[PDB]
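model16.cif (mmCIF, C-alpha atoms and all ligand atoms)
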data_target
loop_
_atom_site.group_PDB
_atom_site.id
_atom_site.type_symbol
_atom_site.label_atom_id
_atom_site.label_comp_id
_atom_site.auth_asym_id
_atom_site.auth_seq_id
_atom_site.Cartn_x
_atom_site.Cartn_y
_atom_site.Cartn_z
ATOM 1 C CA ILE A 2 -16.577 -39.661 52.393
ATOM 2 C CA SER A 3 -19.854 -39.451 50.464
ATOM 3 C CA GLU A 4 -18.560 -39.484 46.869
ATOM 4 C CA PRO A 5 -14.893 -40.355 46.335
ATOM 5 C CA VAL A 6 -13.193 -38.353 43.577
ATOM 6 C CA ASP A 7 -12.691 -40.568 40.520
ATOM 7 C CA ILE A 8 -8.894 -40.311 40.397
ATOM 8 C CA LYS A 9 -8.376 -42.498 37.334
ATOM 9 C CA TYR A 10 -11.048 -40.646 35.376
ATOM 10 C CA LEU A 11 -9.404 -37.332 36.236
ATOM 11 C CA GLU A 12 -5.934 -38.569 35.226
ATOM 12 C CA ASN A 13 -7.274 -39.905 31.921
ATOM 13 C CA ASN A 14 -9.256 -36.820 30.986
ATOM 14 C CA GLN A 15 -9.011 -33.308 32.426
ATOM 15 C CA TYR A 16 -5.636 -33.972 34.014
ATOM 16 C CA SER A 17 -3.982 -36.081 31.358
ATOM 17 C CA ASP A 18 -0.303 -35.229 30.973
ATOM 18 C CA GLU A 19 -1.111 -33.423 27.723
ATOM 19 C CA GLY A 20 -4.054 -31.623 29.338
ATOM 20 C CA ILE A 21 -1.935 -30.411 32.233
ATOM 21 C CA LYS A 22 0.741 -29.067 29.892
ATOM 22 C CA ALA A 23 -1.916 -27.328 27.798
ATOM 23 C CA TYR A 24 -3.277 -25.640 30.933
ATOM 24 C CA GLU A 25 0.235 -24.429 31.799
ATOM 25 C CA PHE A 26 0.536 -22.938 28.334
ATOM 26 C CA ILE A 27 -2.649 -20.919 28.670
ATOM 27 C CA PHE A 28 -2.351 -19.963 32.367
ATOM 28 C CA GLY A 29 1.431 -19.779 32.691
ATOM 29 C CA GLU A 30 4.063 -22.057 34.250
ATOM 30 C CA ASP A 31 3.116 -23.867 37.481
ATOM 31 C CA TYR A 32 -0.604 -23.009 37.216
ATOM 32 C CA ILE A 33 -3.589 -24.985 36.008
ATOM 33 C CA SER A 34 -6.409 -22.664 37.055
ATOM 34 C CA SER A 35 -7.983 -19.301 36.262
ATOM 35 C CA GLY A 36 -5.614 -16.389 35.874
ATOM 36 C CA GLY A 37 -2.394 -18.149 36.878
ATOM 37 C CA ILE A 38 0.003 -15.848 38.737
ATOM 38 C CA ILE A 39 -2.034 -12.781 37.730
ATOM 39 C CA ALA A 40 -5.135 -13.864 39.633
ATOM 40 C CA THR A 41 -3.011 -15.218 42.483
ATOM 41 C CA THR A 42 -1.436 -11.791 42.954
ATOM 42 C CA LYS A 43 -4.897 -10.213 43.086
ATOM 43 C CA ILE A 44 -6.491 -12.852 45.340
ATOM 44 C CA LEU A 45 -3.701 -12.469 47.915
ATOM 45 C CA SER A 46 -3.432 -8.695 47.702
ATOM 46 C CA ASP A 47 -5.156 -8.132 51.095
ATOM 47 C CA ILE A 48 -3.624 -11.127 52.884
ATOM 48 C CA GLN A 49 -0.936 -10.564 55.511
ATOM 49 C CA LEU A 50 1.330 -13.420 56.648
ATOM 50 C CA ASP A 51 4.955 -13.729 57.717
ATOM 51 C CA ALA A 52 7.837 -16.186 57.787
ATOM 52 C CA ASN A 53 6.415 -17.904 60.866
ATOM 53 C CA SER A 54 2.947 -18.446 59.362
ATOM 54 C CA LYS A 55 1.716 -21.844 58.215
ATOM 55 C CA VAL A 56 -0.516 -22.206 55.149
ATOM 56 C CA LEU A 57 -2.420 -25.139 53.667
ATOM 57 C CA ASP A 58 -3.128 -25.213 49.928
ATOM 58 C CA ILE A 59 -5.980 -27.633 49.140
ATOM 59 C CA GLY A 60 -5.540 -28.844 45.579
ATOM 60 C CA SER A 61 -1.963 -27.644 45.205
ATOM 61 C CA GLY A 62 -1.545 -28.904 41.634
ATOM 62 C CA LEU A 63 1.874 -28.148 40.155
ATOM 63 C CA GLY A 64 2.725 -25.895 43.083
ATOM 64 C CA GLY A 65 2.481 -22.369 41.667
ATOM 65 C CA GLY A 66 0.328 -21.066 44.513
ATOM 66 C CA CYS A 67 2.551 -22.555 47.203
ATOM 67 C CA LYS A 68 5.656 -21.135 45.527
ATOM 68 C CA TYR A 69 3.988 -17.730 45.356
ATOM 69 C CA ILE A 70 2.816 -17.714 48.957
ATOM 70 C CA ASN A 71 6.243 -18.793 50.201
ATOM 71 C CA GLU A 72 7.992 -16.228 47.995
ATOM 72 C CA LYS A 73 5.760 -13.317 48.991
ATOM 73 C CA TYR A 74 5.540 -13.982 52.731
ATOM 74 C CA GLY A 75 8.295 -16.471 53.547
ATOM 75 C CA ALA A 76 5.592 -18.667 55.128
ATOM 76 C CA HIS A 77 5.697 -22.402 55.757
ATOM 77 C CA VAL A 78 3.429 -23.878 53.113
ATOM 78 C CA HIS A 79 1.912 -27.364 52.883
ATOM 79 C CA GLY A 80 0.217 -28.294 49.620
ATOM 80 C CA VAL A 81 -2.090 -31.306 49.355
ATOM 81 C CA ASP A 82 -3.245 -32.752 46.033
ATOM 82 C CA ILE A 83 -4.983 -36.038 45.256
ATOM 83 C CA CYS A 84 -2.999 -36.383 42.030
ATOM 84 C CA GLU A 85 0.377 -37.978 42.725
ATOM 85 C CA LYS A 86 1.926 -37.218 39.341
ATOM 86 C CA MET A 87 1.307 -33.498 39.968
ATOM 87 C CA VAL A 88 2.757 -33.646 43.466
ATOM 88 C CA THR A 89 5.837 -35.323 41.999
ATOM 89 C CA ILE A 90 6.266 -32.444 39.545
ATOM 90 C CA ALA A 91 5.639 -29.873 42.276
ATOM 91 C CA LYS A 92 8.379 -31.450 44.412
ATOM 92 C CA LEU A 93 10.809 -31.603 41.481
ATOM 93 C CA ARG A 94 10.263 -27.910 40.643
ATOM 94 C CA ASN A 95 10.673 -26.701 44.220
ATOM 95 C CA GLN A 96 13.667 -28.650 45.570
ATOM 96 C CA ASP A 97 15.244 -25.342 46.604
ATOM 97 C CA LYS A 98 12.505 -24.459 49.098
ATOM 98 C CA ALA A 99 12.856 -25.924 52.604
ATOM 99 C CA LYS A 100 9.609 -24.342 53.793
ATOM 100 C CA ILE A 101 7.434 -25.798 51.030
ATOM 101 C CA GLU A 102 6.063 -29.322 51.363
ATOM 102 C CA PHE A 103 3.785 -31.151 48.923
ATOM 103 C CA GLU A 104 1.790 -34.251 49.780
ATOM 104 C CA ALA A 105 -0.169 -36.604 47.532
ATOM 105 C CA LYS A 106 -3.427 -37.387 49.328
ATOM 106 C CA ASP A 107 -7.176 -36.902 49.097
ATOM 107 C CA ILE A 108 -7.785 -33.881 51.353
ATOM 108 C CA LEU A 109 -10.847 -35.716 52.718
ATOM 109 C CA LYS A 110 -8.481 -38.372 54.090
ATOM 110 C CA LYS A 111 -6.175 -35.860 55.712
ATOM 111 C CA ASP A 112 -6.265 -35.113 59.361
ATOM 112 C CA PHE A 113 -4.435 -32.169 60.839
ATOM 113 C CA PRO A 114 -4.407 -31.175 64.480
ATOM 114 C CA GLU A 115 -6.661 -28.394 65.751
ATOM 115 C CA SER A 116 -5.137 -24.937 65.219
ATOM 116 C CA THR A 117 -2.472 -25.912 62.680
ATOM 117 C CA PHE A 118 -2.888 -23.237 60.008
ATOM 118 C CA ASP A 119 -2.893 -19.473 59.788
ATOM 119 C CA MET A 120 -4.581 -19.734 56.403
ATOM 120 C CA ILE A 121 -6.252 -22.419 54.349
ATOM 121 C CA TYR A 122 -6.177 -21.542 50.659
ATOM 122 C CA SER A 123 -7.842 -23.273 47.720
ATOM 123 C CA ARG A 124 -8.082 -22.318 44.051
ATOM 124 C CA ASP A 125 -10.660 -23.955 41.746
ATOM 125 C CA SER A 126 -10.282 -27.366 43.416
ATOM 126 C CA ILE A 127 -13.307 -27.851 45.692
ATOM 127 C CA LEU A 128 -15.489 -28.121 42.571
ATOM 128 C CA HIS A 129 -14.355 -31.758 42.415
ATOM 129 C CA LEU A 130 -16.141 -32.602 45.678
ATOM 130 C CA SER A 131 -19.800 -33.513 46.124
ATOM 131 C CA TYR A 132 -21.979 -31.187 48.238
ATOM 132 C CA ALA A 133 -21.802 -33.480 51.271
ATOM 133 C CA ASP A 134 -18.020 -33.741 50.894
ATOM 134 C CA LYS A 135 -17.660 -29.945 50.614
ATOM 135 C CA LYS A 136 -19.482 -29.642 53.929
ATOM 136 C CA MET A 137 -17.260 -32.265 55.559
ATOM 137 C CA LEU A 138 -14.211 -30.462 54.202
ATOM 138 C CA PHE A 139 -15.309 -27.088 55.550
ATOM 139 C CA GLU A 140 -15.907 -28.580 58.998
ATOM 140 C CA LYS A 141 -12.370 -29.960 58.916
ATOM 141 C CA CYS A 142 -11.007 -26.614 57.772
ATOM 142 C CA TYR A 143 -12.701 -24.925 60.719
ATOM 143 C CA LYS A 144 -10.904 -27.296 63.097
ATOM 144 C CA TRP A 145 -7.539 -27.017 61.327
ATOM 145 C CA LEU A 146 -7.421 -23.214 61.451
ATOM 146 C CA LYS A 147 -5.826 -21.297 64.303
ATOM 147 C CA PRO A 148 -8.031 -18.799 66.133
ATOM 148 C CA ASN A 149 -8.408 -15.770 63.823
ATOM 149 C CA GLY A 150 -7.200 -17.943 60.941
ATOM 150 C CA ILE A 151 -8.444 -17.344 57.413
ATOM 151 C CA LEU A 152 -10.132 -19.532 54.819
ATOM 152 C CA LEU A 153 -9.620 -18.139 51.295
ATOM 153 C CA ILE A 154 -11.172 -19.865 48.278
ATOM 154 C CA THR A 155 -11.916 -19.343 44.625
ATOM 155 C CA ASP A 156 -14.153 -21.898 42.980
ATOM 156 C CA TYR A 157 -16.405 -22.441 40.000
ATOM 157 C CA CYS A 158 -20.089 -21.860 40.759
ATOM 158 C CA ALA A 159 -23.257 -22.050 38.657
ATOM 159 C CA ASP A 160 -26.800 -20.850 38.114
ATOM 160 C CA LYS A 161 -29.713 -23.065 39.215
ATOM 161 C CA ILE A 162 -30.013 -26.311 37.226
ATOM 162 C CA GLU A 163 -33.249 -25.359 35.443
ATOM 163 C CA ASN A 164 -31.208 -22.811 33.467
ATOM 164 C CA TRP A 165 -28.552 -25.355 32.474
ATOM 165 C CA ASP A 166 -28.723 -26.407 28.825
ATOM 166 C CA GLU A 167 -27.444 -29.591 27.171
ATOM 167 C CA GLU A 168 -23.986 -28.232 26.414
ATOM 168 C CA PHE A 169 -23.488 -27.044 30.021
ATOM 169 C CA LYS A 170 -24.768 -30.321 31.475
ATOM 170 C CA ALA A 171 -22.340 -32.113 29.156
ATOM 171 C CA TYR A 172 -19.397 -30.036 30.443
ATOM 172 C CA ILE A 173 -20.342 -30.664 34.074
ATOM 173 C CA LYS A 174 -20.680 -34.385 33.392
ATOM 174 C CA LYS A 175 -17.366 -34.549 31.525
ATOM 175 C CA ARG A 176 -15.581 -32.728 34.352
ATOM 176 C CA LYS A 177 -17.371 -34.494 37.232
ATOM 177 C CA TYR A 178 -17.859 -31.110 38.862
ATOM 178 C CA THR A 179 -20.419 -30.418 41.538
ATOM 179 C CA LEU A 180 -21.317 -26.739 41.322
ATOM 180 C CA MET A 181 -23.784 -24.571 43.215
ATOM 181 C CA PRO A 182 -24.668 -20.848 43.402
ATOM 182 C CA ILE A 183 -22.350 -18.434 45.154
ATOM 183 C CA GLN A 184 -24.645 -17.511 48.018
ATOM 184 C CA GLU A 185 -25.481 -21.164 48.735
ATOM 185 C CA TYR A 186 -21.741 -21.850 48.889
ATOM 186 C CA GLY A 187 -21.329 -18.913 51.274
ATOM 187 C CA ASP A 188 -24.172 -20.260 53.403
ATOM 188 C CA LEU A 189 -22.477 -23.638 53.628
ATOM 189 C CA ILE A 190 -19.326 -21.957 54.931
ATOM 190 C CA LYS A 191 -21.331 -19.897 57.433
ATOM 191 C CA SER A 192 -23.114 -23.043 58.647
ATOM 192 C CA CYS A 193 -19.726 -24.420 59.719
ATOM 193 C CA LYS A 194 -19.413 -21.494 62.190
ATOM 194 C CA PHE A 195 -17.080 -19.341 60.109
ATOM 195 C CA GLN A 196 -17.442 -15.617 60.764
ATOM 196 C CA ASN A 197 -16.684 -12.526 58.683
ATOM 197 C CA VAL A 198 -17.799 -14.552 55.683
ATOM 198 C CA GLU A 199 -17.547 -12.908 52.273
ATOM 199 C CA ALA A 200 -19.144 -14.714 49.344
ATOM 200 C CA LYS A 201 -18.530 -12.636 46.259
ATOM 201 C CA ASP A 202 -19.280 -12.968 42.570
ATOM 202 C CA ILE A 203 -16.028 -12.301 40.721
ATOM 203 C CA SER A 204 -17.311 -13.446 37.327
ATOM 204 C CA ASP A 205 -16.626 -10.038 35.801
ATOM 205 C CA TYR A 206 -12.958 -10.420 36.690
ATOM 206 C CA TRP A 207 -13.086 -14.039 35.538
ATOM 207 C CA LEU A 208 -14.306 -12.890 32.131
ATOM 208 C CA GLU A 209 -11.447 -10.377 31.915
ATOM 209 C CA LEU A 210 -9.007 -13.231 32.602
ATOM 210 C CA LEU A 211 -10.657 -15.640 30.160
ATOM 211 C CA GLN A 212 -10.722 -13.116 27.324
ATOM 212 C CA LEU A 213 -7.029 -12.294 27.544
ATOM 213 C CA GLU A 214 -6.095 -15.951 28.061
ATOM 214 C CA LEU A 215 -7.970 -16.853 24.867
ATOM 215 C CA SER A 216 -6.671 -13.969 22.758
ATOM 216 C CA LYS A 217 -3.086 -14.755 23.767
ATOM 217 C CA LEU A 218 -3.658 -18.427 22.891
ATOM 218 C CA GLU A 219 -4.966 -17.595 19.421
ATOM 219 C CA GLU A 220 -2.090 -15.181 18.809
ATOM 220 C CA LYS A 221 0.305 -17.996 19.690
ATOM 221 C CA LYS A 222 -1.463 -20.773 17.755
ATOM 222 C CA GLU A 223 1.406 -21.465 15.365
ATOM 223 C CA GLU A 224 3.877 -21.532 18.274
ATOM 224 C CA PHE A 225 1.650 -23.837 20.312
ATOM 225 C CA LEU A 226 1.476 -26.302 17.408
ATOM 226 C CA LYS A 227 5.282 -26.649 17.368
ATOM 227 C CA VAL A 228 5.340 -28.067 20.882
ATOM 228 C CA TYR A 229 1.839 -29.409 21.518
ATOM 229 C CA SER A 230 -0.955 -30.917 19.402
ATOM 230 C CA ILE A 231 -3.851 -29.435 17.424
ATOM 231 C CA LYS A 232 -6.105 -31.620 19.563
ATOM 232 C CA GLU A 233 -5.000 -29.808 22.699
ATOM 233 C CA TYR A 234 -5.154 -26.496 20.861
ATOM 234 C CA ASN A 235 -8.773 -27.013 19.879
ATOM 235 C CA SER A 236 -9.624 -28.370 23.337
ATOM 236 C CA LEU A 237 -8.312 -25.178 24.947
ATOM 237 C CA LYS A 238 -9.842 -22.845 22.391
ATOM 238 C CA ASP A 239 -13.256 -24.479 22.376
ATOM 239 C CA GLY A 240 -13.190 -24.763 26.173
ATOM 240 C CA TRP A 241 -12.478 -21.087 26.702
ATOM 241 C CA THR A 242 -15.005 -20.144 24.031
ATOM 242 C CA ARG A 243 -17.716 -21.976 25.961
ATOM 243 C CA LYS A 244 -16.626 -20.594 29.365
ATOM 244 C CA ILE A 245 -16.784 -17.051 27.976
ATOM 245 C CA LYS A 246 -20.222 -17.673 26.478
ATOM 246 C CA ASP A 247 -21.566 -19.319 29.618
ATOM 247 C CA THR A 248 -20.301 -16.684 32.033
ATOM 248 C CA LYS A 249 -21.842 -13.933 29.880
ATOM 249 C CA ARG A 250 -25.230 -15.575 30.420
ATOM 250 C CA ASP A 251 -24.560 -16.108 34.160
ATOM 251 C CA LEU A 252 -24.525 -19.868 33.792
ATOM 252 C CA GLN A 253 -20.957 -20.546 34.871
ATOM 253 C CA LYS A 254 -19.688 -18.267 37.631
ATOM 254 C CA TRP A 255 -16.497 -17.583 39.539
ATOM 255 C CA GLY A 256 -16.917 -17.389 43.309
ATOM 256 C CA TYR A 257 -14.611 -15.794 45.863
ATOM 257 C CA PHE A 258 -14.970 -16.791 49.505
ATOM 258 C CA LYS A 259 -13.161 -15.480 52.546
ATOM 259 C CA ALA A 260 -13.941 -16.420 56.139
ATOM 260 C CA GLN A 261 -12.403 -16.404 59.575
ATOM 261 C CA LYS A 262 -12.403 -18.718 62.567
ATOM 262 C CA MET A 263 -13.373 -16.557 65.530
ATOM 263 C CA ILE A 264 -13.395 -17.725 69.154
HETATM 264 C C1 LIG A 301 -8.190 -26.976 38.441
HETATM 265 S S1 LIG A 301 -6.907 -27.776 39.431
HETATM 266 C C2 LIG A 301 -6.206 -26.352 40.298
HETATM 267 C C3 LIG A 301 -4.856 -26.669 40.939
HETATM 268 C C4 LIG A 301 -4.157 -25.498 41.625
HETATM 269 N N1 LIG A 301 -4.918 -25.041 42.793
HETATM 270 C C5 LIG A 301 -3.969 -24.343 40.659
HETATM 271 O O1 LIG A 301 -4.572 -23.284 40.840
HETATM 272 O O2 LIG A 301 -3.205 -24.444 39.697
HETATM 273 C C6 LIG A 301 -7.869 -28.625 40.707
HETATM 274 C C7 LIG A 301 -6.987 -29.531 41.556
HETATM 275 O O3 LIG A 301 -7.756 -30.138 42.573
HETATM 276 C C8 LIG A 301 -7.192 -31.413 42.815
HETATM 277 N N2 LIG A 301 -8.115 -32.244 43.596
HETATM 278 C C9 LIG A 301 -9.323 -32.748 43.191
HETATM 279 N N3 LIG A 301 -9.866 -33.430 44.227
HETATM 280 C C10 LIG A 301 -9.025 -33.373 45.285
HETATM 281 C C11 LIG A 301 -9.092 -33.898 46.571
HETATM 282 N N4 LIG A 301 -10.136 -34.637 46.971
HETATM 283 N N5 LIG A 301 -8.048 -33.667 47.432
HETATM 284 C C12 LIG A 301 -6.963 -32.914 47.044
HETATM 285 N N6 LIG A 301 -6.904 -32.399 45.767
HETATM 286 C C13 LIG A 301 -7.922 -32.621 44.903
HETATM 287 C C14 LIG A 301 -6.902 -31.927 41.422
HETATM 288 O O4 LIG A 301 -6.010 -33.019 41.446
HETATM 289 C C15 LIG A 301 -6.361 -30.669 40.757
HETATM 290 O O5 LIG A 301 -4.955 -30.569 40.851
#
Encoding of this model in structure tokens:
Amino acid sequence: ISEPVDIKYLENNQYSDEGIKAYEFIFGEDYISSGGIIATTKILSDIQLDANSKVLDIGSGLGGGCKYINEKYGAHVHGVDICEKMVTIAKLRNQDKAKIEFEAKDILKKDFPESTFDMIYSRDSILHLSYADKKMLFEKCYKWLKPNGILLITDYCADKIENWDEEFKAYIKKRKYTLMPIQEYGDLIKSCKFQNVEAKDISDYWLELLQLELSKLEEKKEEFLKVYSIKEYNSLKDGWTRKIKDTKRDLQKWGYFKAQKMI
């Protein structure tokens, strides 16, 4: 590992208990990333799997994606997340599902046998890894996939650094994200031998999601304050305000990546 993820920093900041619950409010139950179940439905709309398939979710969070994939396809699903408190919640909320497993571990410390998974799936999680660690992860993913297996990712991406301003640099620093442009990210995946690579800019869709997420939040302000704090309310509102502004100027981007292991 080049740059270990700062687990304690994450737990104390972006993924505080209060922060996680605030994300669930804005995205919907079981989700802490863009679009919640809405985006998940769209992202998986072309994917075909069955009850005998095996899927890895890298950065499984509270388990929404795993629940969805298992519900839609009946697949065996294995979610990995570095954050143990999340994994604990994911387990507690999915005790009914024999084909869903969650594991608390840094994905970079996981080893899976060659040809384990029909699909490797990751939603806004790889942004936590340094460039070198992204590359190491993609090389592992290539090994872990079955022949013809699919890698399917959404992730935050960015413009070149010379166009970053102080407020954007501050956000990146606060989040400990490592972002890069979409086509560079696609190139990294290609360099690991993946074929049929698609590296697509879905920022227009991202903006659609952000706008409705924010308007619903503001409509429900008084309700939010009954259960959660004004601090978390303003954190969400200001955070979405800046994401909307920064995607409109092409600074913060949403990338979609699909690739296939071909022998
Ligand atoms: C923005 S959340 C998204 C979670 C989930 N995919 C979702 O859509 O709700 C990013 C997740 O990546 C996880 N994560 C960060 N670094 C990781 C690593 N090295 N290995 C596994 N998970 C990691 C975090 O703990 C967090 O749950």
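Comparing the minimum interatomic distances between residue 98 (chain A) and each of A:256, A:148, A:75, A:66, counting all atoms listed in the file, we find that A:75 sits nearest.
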- [ ] In Å, rounded to a single decimal, give me how far CA of residue 188 (chain A) is from CA of residue 168 (chain A).
- [x] 28.1 Å
So that each row is one residue of chain A with an atom at most 8 Å from ligand LIG 301 (chain A), can you give its shortest atom pair and the distance in Å to one decimal, using only C-alpha atoms and all ligand atoms, rows by chain and rising number, as a tab-separated table?
residue	atom	partner	partner_atom	distance
A:5	CA	A:LIG301	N4	7.5
A:6	CA	A:LIG301	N4	5.9
A:8	CA	A:LIG301	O4	7.9
A:11	CA	A:LIG301	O4	7.6
A:16	CA	A:LIG301	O4	7.5
A:31	CA	A:LIG301	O2	6.7
A:32	CA	A:LIG301	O2	3.9
A:33	CA	A:LIG301	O2	3.7
A:34	CA	A:LIG301	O1	4.3
A:35	CA	A:LIG301	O1	7.0
A:37	CA	A:LIG301	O1	6.8
A:58	CA	A:LIG301	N1	7.4
A:59	CA	A:LIG301	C12	5.8
A:60	CA	A:LIG301	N6	3.8
A:61	CA	A:LIG301	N1	4.6
A:62	CA	A:LIG301	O5	3.9
A:63	CA	A:LIG301	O2	6.3
A:64	CA	A:LIG301	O2	7.0
A:65	CA	A:LIG301	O2	6.4
A:66	CA	A:LIG301	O1	6.5
A:81	CA	A:LIG301	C12	5.6
A:82	CA	A:LIG301	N6	3.7
A:83	CA	A:LIG301	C12	4.1
A:84	CA	A:LIG301	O4	4.6
A:87	CA	A:LIG301	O5	7.0
A:105	CA	A:LIG301	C12	7.7
A:106	CA	A:LIG301	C12	6.1
A:107	CA	A:LIG301	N5	3.7
A:108	CA	A:LIG301	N5	3.9
A:109	CA	A:LIG301	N4	5.9
A:123	CA	A:LIG301	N1	6.0
A:124	CA	A:LIG301	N1	4.4
A:125	CA	A:LIG301	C1	5.1
A:126	CA	A:LIG301	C6	3.8
A:127	CA	A:LIG301	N3	6.7
A:128	CA	A:LIG301	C9	7.7
A:129	CA	A:LIG301	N3	5.1
A:130	CA	A:LIG301	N4	6.5
Task: Spatial sel., origin (-9.8, -23.0, 61.9), limit 12 Å, only C-alpha atoms, listed as a PyMOL selection string - done: chain A and resi 56-57+113-122+138-153+190+193-196+260-264
Using the selection just defined, write its residues with C-alpha atoms as a CSV table (one decimal), in the frame of the given file.
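Wrote result_38.csv, looks like this:
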chain,number,residue,atom,x,y,z
A,56,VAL,CA,-0.5,-22.2,55.1
A,57,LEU,CA,-2.4,-25.1,53.7
A,113,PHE,CA,-4.4,-32.2,60.8
A,114,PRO,CA,-4.4,-31.2,64.5
A,115,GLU,CA,-6.7,-28.4,65.8
A,116,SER,CA,-5.1,-24.9,65.2
A,117,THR,CA,-2.5,-25.9,62.7
A,118,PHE,CA,-2.9,-23.2,60.0
A,119,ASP,CA,-2.9,-19.5,59.8
A,120,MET,CA,-4.6,-19.7,56.4
A,121,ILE,CA,-6.3,-22.4,54.3
A,122,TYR,CA,-6.2,-21.5,50.7
A,138,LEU,CA,-14.2,-30.5,54.2
A,139,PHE,CA,-15.3,-27.1,55.6
A,140,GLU,CA,-15.9,-28.6,59.0
A,141,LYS,CA,-12.4,-30.0,58.9
A,142,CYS,CA,-11.0,-26.6,57.8
A,143,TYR,CA,-12.7,-24.9,60.7
A,144,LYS,CA,-10.9,-27.3,63.1
A,145,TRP,CA,-7.5,-27.0,61.3
A,146,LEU,CA,-7.4,-23.2,61.5
A,147,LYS,CA,-5.8,-21.3,64.3
A,148,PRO,CA,-8.0,-18.8,66.1
A,149,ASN,CA,-8.4,-15.8,63.8
A,150,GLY,CA,-7.2,-17.9,60.9
A,151,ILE,CA,-8.4,-17.3,57.4
A,152,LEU,CA,-10.1,-19.5,54.8
A,153,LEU,CA,-9.6,-18.1,51.3
A,190,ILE,CA,-19.3,-22.0,54.9
A,193,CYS,CA,-19.7,-24.4,59.7
A,194,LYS,CA,-19.4,-21.5,62.2
A,195,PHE,CA,-17.1,-19.3,60.1
A,196,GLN,CA,-17.4,-15.6,60.8
A,260,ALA,CA,-13.9,-16.4,56.1
A,261,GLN,CA,-12.4,-16.4,59.6
A,262,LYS,CA,-12.4,-18.7,62.6
A,263,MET,CA,-13.4,-16.6,65.5
A,264,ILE,CA,-13.4,-17.7,69.2
Task: Counting only C-alpha atoms, the option among A:27, A:86, A:20, A:48 closest to residue 216 (chain A) - done: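 Of A:27, A:86, A:20, A:48, the one nearest residue 216 (chain A), counting only C-alpha atoms, is A:27.
CA of residue 178 (chain A) sits 23.9 Å away from CA of residue 103 (chain A).
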Task: Ref. answer, residues at most 12 Å from (-5.0, -32.2, 21.7) with only C-alpha atoms, as a ChimeraX atom specification - done: /A:14-15,17-24,225-226,228-240
Would you output that residue set with C-alpha atoms, as a compact mmCIF listing (two decimals), keeping the file's coordinate frame?
# COMPACT_ATOMS: atom_id res chain seq x y z
CA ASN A 14 -9.26 -36.82 30.99
CA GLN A 15 -9.01 -33.31 32.43
CA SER A 17 -3.98 -36.08 31.36
CA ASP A 18 -0.30 -35.23 30.97
CA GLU A 19 -1.11 -33.42 27.72
CA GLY A 20 -4.05 -31.62 29.34
CA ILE A 21 -1.94 -30.41 32.23
CA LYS A 22 0.74 -29.07 29.89
CA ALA A 23 -1.92 -27.33 27.80
CA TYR A 24 -3.28 -25.64 30.93
CA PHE A 225 1.65 -23.84 20.31
CA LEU A 226 1.48 -26.30 17.41
CA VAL A 228 5.34 -28.07 20.88
CA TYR A 229 1.84 -29.41 21.52
CA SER A 230 -0.96 -30.92 19.40
CA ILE A 231 -3.85 -29.44 17.42
CA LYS A 232 -6.10 -31.62 19.56
CA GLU A 233 -5.00 -29.81 22.70
CA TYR A 234 -5.15 -26.50 20.86
CA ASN A 235 -8.77 -27.01 19.88
CA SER A 236 -9.62 -28.37 23.34
CA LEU A 237 -8.31 -25.18 24.95
CA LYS A 238 -9.84 -22.84 22.39
CA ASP A 239 -13.26 -24.48 22.38
CA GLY A 240 -13.19 -24.76 26.17
Listing only residues of region 191-252 of chain A within 12 Å of region 156-167 of chain A, what is the closest atom pair and its distance in Å (to one decimal) for each, using only C-alpha atoms, sorted by chain and residue number ascending, as a Markdown table?
| residue | atom | partner | partner_atom | distance |
| --- | --- | --- | --- | --- |
| A:200 | CA | A:156 | CA | 10.8 |
| A:201 | CA | A:156 | CA | 10.8 |
| A:202 | CA | A:158 | CA | 9.1 |
| A:203 | CA | A:156 | CA | 10.0 |
| A:204 | CA | A:157 | CA | 9.4 |
| A:207 | CA | A:157 | CA | 10.1 |
| A:244 | CA | A:157 | CA | 10.8 |
| A:247 | CA | A:159 | CA | 9.6 |
| A:248 | CA | A:159 | CA | 9.0 |
| A:249 | CA | A:160 | CA | 11.8 |
| A:250 | CA | A:160 | CA | 9.5 |
| A:251 | CA | A:160 | CA | 6.6 |
| A:252 | CA | A:160 | CA | 5.0 |
Task: Atomic distance CA of residue 211 (chain A) - CA of residue 41 (chain A), expressed in Å with one decimal - done: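 Computed distance, CA of residue 211 (chain A) to CA of residue 41 (chain A), equals 14.5 Å.
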Need to verify the contact set: region 93-95 of chain A, 8 Å, all atoms listed in the file, exclusion of same-chain residues closer than 4 positions in sequence. Can you return it as a tab-separated table (two decimals) with C-alpha atoms, in the frame of the given file?
chain	number	residue	atom	x	y	z
A	68	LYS	CA	5.66	-21.14	45.53
A	89	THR	CA	5.84	-35.32	42.00
A	101	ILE	CA	7.43	-25.80	51.03
Task: Closest of A:131, A:51, A:26, A:170 to residue 224 (chain A) - atom-to-atom distances counting all atoms listed in the file - done: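 Between A:131, A:51, A:26, A:170, the residue approaching residue 224 (chain A) most closely is A:26.
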Open item on the list: Please determine, counting only C-alpha atoms, which residue among A:45, A:91, A:210, A:133 has the shortest atom-to-atom distance to residue 154 (chain A).
Closed with: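 With only C-alpha atoms as the atom set, the closest residue is A:45.
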TODO: Could you tell me which of A:2, A:218, A:183, A:67 comes closest to residue 92 (chain A) if we count only C-alpha atoms?
DONE: A:67
